[PDB]
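One chain is shown next in structure tokens, namely the form deposited in one PDB entry.
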């Protein structure tokens, strides 16, 4: 595992099934490094252009869900950053992009991906009144 390799892969990440699936497999293989991986993922997410940010969440979705079979590493290590990540993506993208964020969150609530406390925080992050403080 190297952070440099991860950075390179994240920079060339796209929405294709092959792009997300292969990166997910690599990350899960390297689950011993889940904390540094999440740290790098969060940093590159914030650096990404709005039209690319959703792709980071799709990756996280795939990694978190598929990792559960192997261990709790990714579920646990995404947990402290994932609310802020949804809030970030929600704020930096067009209102209609909530279609995609909401789909993921719906998936997570339907498949029990995180517990209640977290799921509700995610709900607030996505739909909450804090997005509506300023005239537009």
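Residue numbers count along the first chain shown, from 1.
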When mean C-alpha B-factors in the record are compared for 50-58 and 88-96, the larger belongs to 88-96
Mean Cα B factor from the PDB record: higher for 17-25, or higher for 122-130?
122-130
In terms of the chain's CA B-factor thirds, is residue 39 lowest, middle or highest?
lowest
Compared with the other modelled residues in the chain, in which third is the CA B-factor of residue 33?
lowest
Against its chain's modelled residues, does residue 45's Cα B factor rank lowest, middle or highest third?
middle
Looking at the temperature factor on the CA atom of residue 107, which third of the chain's modelled residues does it land in?
highest
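Beyond what is shown, the protein has a form deposited with a partner chain bound; the following relates to that form.
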Would you check, heavy atoms only and a 4.5 Å threshold, whether residue 58 touches the partner chain in the deposited bound form?
yes
Under a 4.5 Å heavy atom criterion, is residue 93 part of the interface with the partner chain in the deposited bound form?
no
Can any non-hydrogen atom of residue 89 be found within 4.5 angstroms of the partner chain in the deposited bound form?
no
Contact between residue 99 and the partner chain in the deposited bound form at 4.5 Å, heavy atoms?
no
Within 4.5 Å, heavy atoms only, one stretch in 28-36, 105-113, 43-51, 71-79 touches the partner chain in the deposited bound form. Which?
105-113
